[PDB]
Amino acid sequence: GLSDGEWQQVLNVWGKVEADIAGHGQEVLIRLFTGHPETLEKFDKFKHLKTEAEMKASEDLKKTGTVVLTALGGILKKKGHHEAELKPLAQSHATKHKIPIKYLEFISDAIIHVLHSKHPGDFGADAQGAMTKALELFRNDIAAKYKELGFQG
């Protein structure tokens, strides 16, 4: 999917996320959750959250943001060589959590969103470029694993 000039850009950018993994992860789930409320319903431990103050105020969400961004970061550093790390992922979201690929689209968008909000002006057009393709490659490989499982819905 990507050139290493592009990989280069992705890890450049992930350097931003790693300086504050907990904050980045919190705002991603908040951007996910507030924009597409049906997504909250897939989490039984965040179901109670009703307002953004509550989410904001929730320590368990900051926690889940770190797990999520820690796992993706683990995949991105593989530079597309991630069958081993993604299968387990795709299996769990399809069979156990029942997560529609559309939701993986929403969170992909939510990361691009967040990044511009936290780093206005230092999230280059080129960087957006690389990051979007990287998220697409991630999403595409999951989509395939999802097809195998007939995880239609």
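Numbers for residues come from their place in the sequence shown, where the first is 1.
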Exercise. Using only the Cα atoms and their B-factors as the entry lists them, report which of 32-40 and 109-117 averages higher.
Key: 32-40
Quiz item: Do the CA atoms of 66-74 or those of 122-130 have the higher mean B-factor in the entry?
Solution: 122-130
Self-check item: Chain third (lowest, middle, highest) by recorded CA B-factor, residue given as residue 89
Solution: lowest
Quiz item: How does residue 101 rank on Cα B-factor within its chain, lowest, middle or highest third?
Solution: middle
Quiz prompt | B-factor third for the C-alpha atom of residue 21 within its chain | solution = highest
Exercise. Report the third (lowest, middle or highest) to which the CA temperature factor of residue 144 belongs, ranking only the modelled residues of the same chain.
Key: middle
Self-check item: Record-listed C-alpha B factor of residue 10: chain third
Solution: middle
